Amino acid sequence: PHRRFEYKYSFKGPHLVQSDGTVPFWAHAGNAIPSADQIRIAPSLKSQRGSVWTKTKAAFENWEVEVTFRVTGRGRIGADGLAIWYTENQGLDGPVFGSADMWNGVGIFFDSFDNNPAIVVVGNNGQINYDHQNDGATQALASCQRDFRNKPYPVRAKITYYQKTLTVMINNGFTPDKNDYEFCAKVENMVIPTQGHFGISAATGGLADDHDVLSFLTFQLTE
């Protein structure tokens, strides 16, 4: 299956951030801190929320995103985690891993163990007022249990929307190999908006990890 790299929906270092503090093609918000090699979406301070979203919408029948990130913090517990998004609108701040509680599209949530370790796929058609704590278990379309914190190498999520199936593959941070992925979850017959923004958001609470995204690479898939 053919992949075309879509620069207008992507970011990576080196020199990720412009001299003016912006990241080409994206908007950062909240407590997100662009730096040369990564964007620290939510730092290890109390009650943080941040995000990075594409400034334009993509209209890809099929697509794939490769997101490389780290979630780093003290102890065996941390919070909150991060979310990868494809939604009709350009997301704004809220209580769902730093983003708003309603959306039209899909979120893939990486929820840190704070005593569930989980990666969860959650759809929304614009009608659900989502509260992760209350609704995650019941509304998850699919999930897997992986611990993505404090790993030796960057964690890599590959989220593919191809032939109406949304698949989540994960490299859980034990190899530097940008292509060594294992299956996490898939959702068949997923309907998502024909056009939408890509995004990534994170948050902290009383417990707080540093949530860093090193790169977000978007590909348009063809057949």
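Note that residue numbering follows the sequence shown and begins at 1.
- Message: Unmodelled residues of the deposited sequence between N129 and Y130: none, 1 to 3, 4 to 9, or 10 or more?
- Response: Gap between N129 and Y130: none.
- Task: Taking the mean of the C-alpha B-factors per stretch from the entry, tell me the winner out of 168-176 and 53-61.
- Result: The deposited B-factors put 168-176 ahead on the C-alpha mean.
- Query: Comparing 139-147 with 120-128, where is the mean C-alpha B-factor higher?
  - Reply: Per the PDB record, 139-147.
- Highest recorded Cα temperature factor - choice among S47, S35, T194, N31: In the PDB entry, the greatest C-alpha B-factor among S47, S35, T194, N31 is found at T194.
- Between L214, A202, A208, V17, which carries the biggest CA temperature factor in the record? The C-alpha B-factor peaks, among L214, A202, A208, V17, at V17.
- Item | Chain-wide C-alpha B factor ranking for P95, given as lowest, middle or highest third | Its C-alpha B-factor belongs to the middle third of this chain's values.
- Query: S112's Cα B-factor: lowest, middle or highest third of the chain?
  - Reply: Its C-alpha B-factor, which the entry lists for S112, ranks in the middle third among residues of this chain.
- Should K8 be placed in the lowest, middle or highest third of its chain by the C-alpha B factor in the entry? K8: CA B-factor falls in the lowest third of its chain.
- For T68, return the chain-relative third of its C-alpha B-factor as stated in the PDB record: lowest, middle or highest. As the PDB entry reports it, the C-alpha B-factor of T68 lands in the lowest third of its chain.
- Tell me, lowest, middle or highest third: where does the Cα B factor of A42 rank within its chain? Its C-alpha B-factor, which the entry lists for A42, ranks in the lowest third among residues of this chain.
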